[PDB]
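Following: one structure in structure tokens, then a few remarks.
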Amino acid sequence: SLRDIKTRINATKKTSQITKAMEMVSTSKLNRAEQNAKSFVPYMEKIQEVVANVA
Amino acid sequence: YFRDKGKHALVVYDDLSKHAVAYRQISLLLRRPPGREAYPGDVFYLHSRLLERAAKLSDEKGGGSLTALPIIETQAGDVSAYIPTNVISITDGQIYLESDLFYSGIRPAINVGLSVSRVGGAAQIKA
């Protein structure tokens, strides 16, 4: 029936909108998280060097 | 008869869809020119001349009443069809039944987010 196809289109369109919204906010979160993880590398290296060379 | 004497009456039409089909048969065999979905142009006047007879009279006329519950069957959910849209426009409210709710275990199977009555509130009791 045409109504079954049309109601399935409206539902799938709502899911597409929902998935795109979550993808972009996660993209924005990744851009910061990747930089944040990289920003702590010098601290993680310095602490590992002092604890290892002291122990 | 009951309305004209001050009493209350209820009238149910088991299916107006088969009644429209019966009129289509007579009109095509009598050679009246067809229209939308092969039906005669006269078909809105057929159901409106019927359903407008259900009314609540004034106190000077006796205060009597007649309420109607016509029924229509839709092919594969097509509410946009000729006879369905025609009778949806005549009535004071519609109850929509879904084949989907019925197999899912919502047993009376009424679409409460689509069904409507204009008289709602005025018809009910204060409680």
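Identifiers for the structure tokens are assigned positionally: chains receive A, B, ... in sequence, residues are indexed from 1 per chain, and ligands are indexed from 1 in the order shown.
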Practice item. Select residues of chain A: the criterion is any atom within 12 Å of an atom of chain B, counting only C-alpha atoms; output as a VMD selection string. Key: chain A and resid 1 to 7
Using N, CA, C and O atoms, can you write the selected residues to a file as a PDB file, in the first residue's frame?
ATOM      1  N   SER A   1       0.841  -1.220   0.000  1.00  0.00           N
ATOM      2  CA  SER A   1       0.000   0.000   0.000  1.00  0.00           C
ATOM      3  C   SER A   1       0.865   1.256   0.000  1.00  0.00           C
ATOM      4  O   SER A   1       1.900   1.286   0.666  1.00  0.00           O
ATOM      5  N   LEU A   2       0.441   2.327  -0.677  1.00  0.00           N
ATOM      6  CA  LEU A   2       1.189   3.592  -0.751  1.00  0.00           C
ATOM      7  C   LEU A   2       1.403   4.224   0.635  1.00  0.00           C
ATOM      8  O   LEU A   2       2.474   4.751   0.922  1.00  0.00           O
ATOM      9  N   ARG A   3       0.404   4.104   1.518  1.00  0.00           N
ATOM     10  CA  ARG A   3       0.417   4.613   2.902  1.00  0.00           C
ATOM     11  C   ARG A   3       1.506   3.949   3.745  1.00  0.00           C
ATOM     12  O   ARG A   3       2.169   4.614   4.534  1.00  0.00           O
ATOM     13  N   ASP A   4       1.734   2.656   3.557  1.00  0.00           N
ATOM     14  CA  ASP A   4       2.778   1.919   4.280  1.00  0.00           C
ATOM     15  C   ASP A   4       4.156   2.447   3.860  1.00  0.00           C
ATOM     16  O   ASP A   4       4.992   2.718   4.714  1.00  0.00           O
ATOM     17  N   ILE A   5       4.367   2.668   2.554  1.00  0.00           N
ATOM     18  CA  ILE A   5       5.620   3.212   2.015  1.00  0.00           C
ATOM     19  C   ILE A   5       5.823   4.640   2.535  1.00  0.00           C
ATOM     20  O   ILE A   5       6.879   4.962   3.072  1.00  0.00           O
ATOM     21  N   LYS A   6       4.799   5.499   2.447  1.00  0.00           N
ATOM     22  CA  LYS A   6       4.859   6.898   2.907  1.00  0.00           C
ATOM     23  C   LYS A   6       5.138   7.030   4.403  1.00  0.00           C
ATOM     24  O   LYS A   6       5.988   7.819   4.800  1.00  0.00           O
ATOM     25  N   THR A   7       4.475   6.243   5.244  1.00  0.00           N
ATOM     26  CA  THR A   7       4.723   6.269   6.698  1.00  0.00           C
ATOM     27  C   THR A   7       6.126   5.742   7.011  1.00  0.00           C
ATOM     28  O   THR A   7       6.807   6.282   7.884  1.00  0.00           O
TER      29      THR A   7
END
Check your understanding: Running DSSP on the backbone, which parts of range 10-83 of chain B land in strand (DSSP E), as JSON, numbers by chain?
Key -> {"B": [10, 11, 12, 13, 65, 66, 67, 68, 69, 70]}
Point to revise | residue 91 in chain B environment, 10 Å, only C-alpha atoms, sequence neighbours closer than 6 positions dropped, as a list in words | key: residues 48, 51, 52, 68, 69, 70, 117 and 118 of chain B
For the selection you just gave me, I'd like the residues written to a file as a CSV table (one decimal), in the first residue's frame, keeping C-alpha atoms.
chain,number,residue,atom,x,y,z
B,48,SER,CA,-25.6,14.1,3.3
B,51,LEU,CA,-26.8,11.8,8.0
B,52,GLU,CA,-28.2,15.4,8.5
B,68,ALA,CA,-26.0,8.1,14.3
B,69,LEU,CA,-23.0,5.7,14.0
B,70,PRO,CA,-22.2,5.1,10.3
B,117,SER,CA,-15.0,14.8,18.1
B,118,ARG,CA,-16.0,18.5,18.0
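For the atom pair formed by CA of residue 49 in chain A and CA of residue 35 in chain A, the distance is 22.3 Å, given to one decimal.
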Practice item. Please run DSSP on the backbone and report, as a ChimeraX atom specification, all residues within range 18-126 of chain B that come out as helix (DSSP H, G or I). Key: /B:18-29,36-38,43-51,82-90,99-103
Could you take the residues named above and write them with N, CA, C and O atoms, as a compact mmCIF listing (two decimals), in the first residue's frame?
# COMPACT_ATOMS: atom_id res chain seq x y z
N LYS B 18 -20.80 -0.26 1.12
CA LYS B 18 -21.59 -1.19 0.30
C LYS B 18 -22.86 -0.53 -0.22
O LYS B 18 -23.33 -0.87 -1.30
N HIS B 19 -23.33 0.50 0.47
CA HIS B 19 -24.52 1.27 0.11
C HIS B 19 -24.16 2.18 -1.08
O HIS B 19 -24.92 2.28 -2.04
N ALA B 20 -22.96 2.77 -1.08
CA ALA B 20 -22.48 3.57 -2.19
C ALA B 20 -22.30 2.68 -3.43
O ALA B 20 -22.76 3.04 -4.51
N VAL B 21 -21.69 1.50 -3.29
CA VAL B 21 -21.52 0.50 -4.36
C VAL B 21 -22.86 0.09 -4.97
O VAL B 21 -22.99 -0.02 -6.18
N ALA B 22 -23.89 -0.09 -4.14
CA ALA B 22 -25.22 -0.44 -4.61
C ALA B 22 -25.81 0.69 -5.45
O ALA B 22 -26.47 0.44 -6.46
N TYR B 23 -25.53 1.95 -5.11
CA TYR B 23 -26.03 3.10 -5.87
C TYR B 23 -25.25 3.25 -7.19
O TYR B 23 -25.83 3.52 -8.24
N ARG B 24 -23.93 3.01 -7.17
CA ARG B 24 -23.08 3.01 -8.36
C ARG B 24 -23.61 2.02 -9.39
O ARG B 24 -23.73 2.35 -10.56
N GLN B 25 -24.02 0.84 -8.95
CA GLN B 25 -24.56 -0.19 -9.81
C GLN B 25 -25.83 0.29 -10.51
O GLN B 25 -25.91 0.23 -11.73
N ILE B 26 -26.80 0.81 -9.76
CA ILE B 26 -28.05 1.30 -10.36
C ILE B 26 -27.80 2.48 -11.31
O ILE B 26 -28.31 2.49 -12.42
N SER B 27 -26.98 3.45 -10.92
CA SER B 27 -26.70 4.64 -11.74
C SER B 27 -25.98 4.32 -13.05
O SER B 27 -26.36 4.88 -14.08
N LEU B 28 -25.00 3.41 -13.06
CA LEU B 28 -24.29 2.98 -14.27
C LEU B 28 -25.21 2.18 -15.20
O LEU B 28 -25.18 2.37 -16.41
N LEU B 29 -26.09 1.33 -14.65
CA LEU B 29 -27.04 0.56 -15.45
C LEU B 29 -28.15 1.45 -16.02
O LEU B 29 -28.69 1.15 -17.09
N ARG B 36 -15.42 10.69 -10.41
CA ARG B 36 -14.33 10.20 -9.56
C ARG B 36 -14.54 8.74 -9.12
O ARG B 36 -15.61 8.40 -8.62
N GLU B 37 -13.54 7.87 -9.29
CA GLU B 37 -13.57 6.47 -8.84
C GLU B 37 -14.81 5.70 -9.34
O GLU B 37 -15.37 4.83 -8.67
N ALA B 38 -15.25 6.04 -10.56
CA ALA B 38 -16.43 5.56 -11.29
C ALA B 38 -17.82 5.90 -10.69
O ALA B 38 -18.83 5.61 -11.32
N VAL B 43 -23.52 11.22 -5.56
CA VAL B 43 -23.19 10.46 -4.34
C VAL B 43 -22.93 11.25 -3.05
O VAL B 43 -23.09 10.69 -1.97
N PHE B 44 -22.54 12.53 -3.07
CA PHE B 44 -22.38 13.29 -1.81
C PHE B 44 -23.77 13.59 -1.24
O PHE B 44 -24.03 13.43 -0.05
N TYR B 45 -24.70 13.99 -2.11
CA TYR B 45 -26.08 14.29 -1.76
C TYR B 45 -26.80 13.04 -1.21
O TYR B 45 -27.62 13.17 -0.31
N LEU B 46 -26.43 11.84 -1.65
CA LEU B 46 -26.92 10.55 -1.15
C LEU B 46 -26.69 10.40 0.37
O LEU B 46 -27.64 10.20 1.12
N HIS B 47 -25.44 10.50 0.84
CA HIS B 47 -25.12 10.36 2.27
C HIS B 47 -25.43 11.62 3.09
O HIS B 47 -25.82 11.49 4.25
N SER B 48 -25.30 12.84 2.57
CA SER B 48 -25.61 14.06 3.33
C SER B 48 -27.12 14.20 3.56
O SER B 48 -27.53 14.58 4.65
N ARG B 49 -27.97 13.83 2.60
CA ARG B 49 -29.43 13.84 2.77
C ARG B 49 -29.87 12.83 3.84
O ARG B 49 -30.91 13.01 4.46
N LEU B 50 -29.06 11.79 4.10
CA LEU B 50 -29.27 10.77 5.12
C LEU B 50 -28.79 11.23 6.50
O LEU B 50 -29.58 11.32 7.43
N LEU B 51 -27.48 11.48 6.66
CA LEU B 51 -26.85 11.81 7.95
C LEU B 51 -27.24 13.13 8.61
O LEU B 51 -27.03 13.29 9.81
N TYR B 82 -12.53 8.49 -2.46
CA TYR B 82 -13.74 9.31 -2.66
C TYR B 82 -14.82 9.20 -1.57
O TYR B 82 -15.06 10.17 -0.86
N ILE B 83 -15.45 8.04 -1.38
CA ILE B 83 -16.51 7.87 -0.38
C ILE B 83 -16.03 8.11 1.07
O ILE B 83 -16.74 8.78 1.83
N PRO B 84 -14.83 7.66 1.49
CA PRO B 84 -14.29 7.98 2.81
C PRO B 84 -14.14 9.49 3.06
O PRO B 84 -14.64 9.97 4.07
N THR B 85 -13.50 10.27 2.18
CA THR B 85 -13.34 11.72 2.38
C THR B 85 -14.67 12.46 2.36
O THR B 85 -14.89 13.39 3.13
N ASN B 86 -15.61 12.01 1.54
CA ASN B 86 -16.96 12.53 1.42
C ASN B 86 -17.71 12.42 2.76
O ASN B 86 -18.09 13.45 3.31
N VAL B 87 -17.75 11.24 3.38
CA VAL B 87 -18.40 11.00 4.68
C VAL B 87 -17.60 11.55 5.87
O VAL B 87 -18.18 11.98 6.86
N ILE B 88 -16.27 11.61 5.79
CA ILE B 88 -15.45 12.25 6.84
C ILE B 88 -15.82 13.74 6.94
O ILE B 88 -15.89 14.29 8.03
N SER B 89 -16.15 14.39 5.82
CA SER B 89 -16.50 15.81 5.85
C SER B 89 -17.93 16.08 6.37
O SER B 89 -18.20 17.18 6.85
N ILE B 90 -18.83 15.10 6.32
CA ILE B 90 -20.23 15.22 6.76
C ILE B 90 -20.40 15.05 8.28
O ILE B 90 -21.17 15.78 8.89
N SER B 99 -5.15 -1.46 11.49
CA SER B 99 -4.77 -2.87 11.35
C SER B 99 -3.45 -3.17 12.09
O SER B 99 -3.24 -4.27 12.59
N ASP B 100 -2.59 -2.17 12.25
CA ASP B 100 -1.28 -2.25 12.91
C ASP B 100 -1.43 -2.41 14.43
O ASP B 100 -0.88 -3.32 15.03
N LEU B 101 -2.25 -1.56 15.08
CA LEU B 101 -2.50 -1.63 16.52
C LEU B 101 -3.18 -2.95 16.92
O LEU B 101 -2.83 -3.54 17.94
N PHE B 102 -4.10 -3.42 16.09
CA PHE B 102 -4.88 -4.64 16.30
C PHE B 102 -4.02 -5.91 16.42
O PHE B 102 -4.26 -6.71 17.32
N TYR B 103 -2.98 -6.10 15.59
CA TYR B 103 -2.09 -7.28 15.69
C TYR B 103 -1.00 -7.09 16.77
O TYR B 103 -0.46 -8.07 17.27
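Between CA of residue 97 in chain B and CA of residue 54 in chain B the separation is 23.4 Å.
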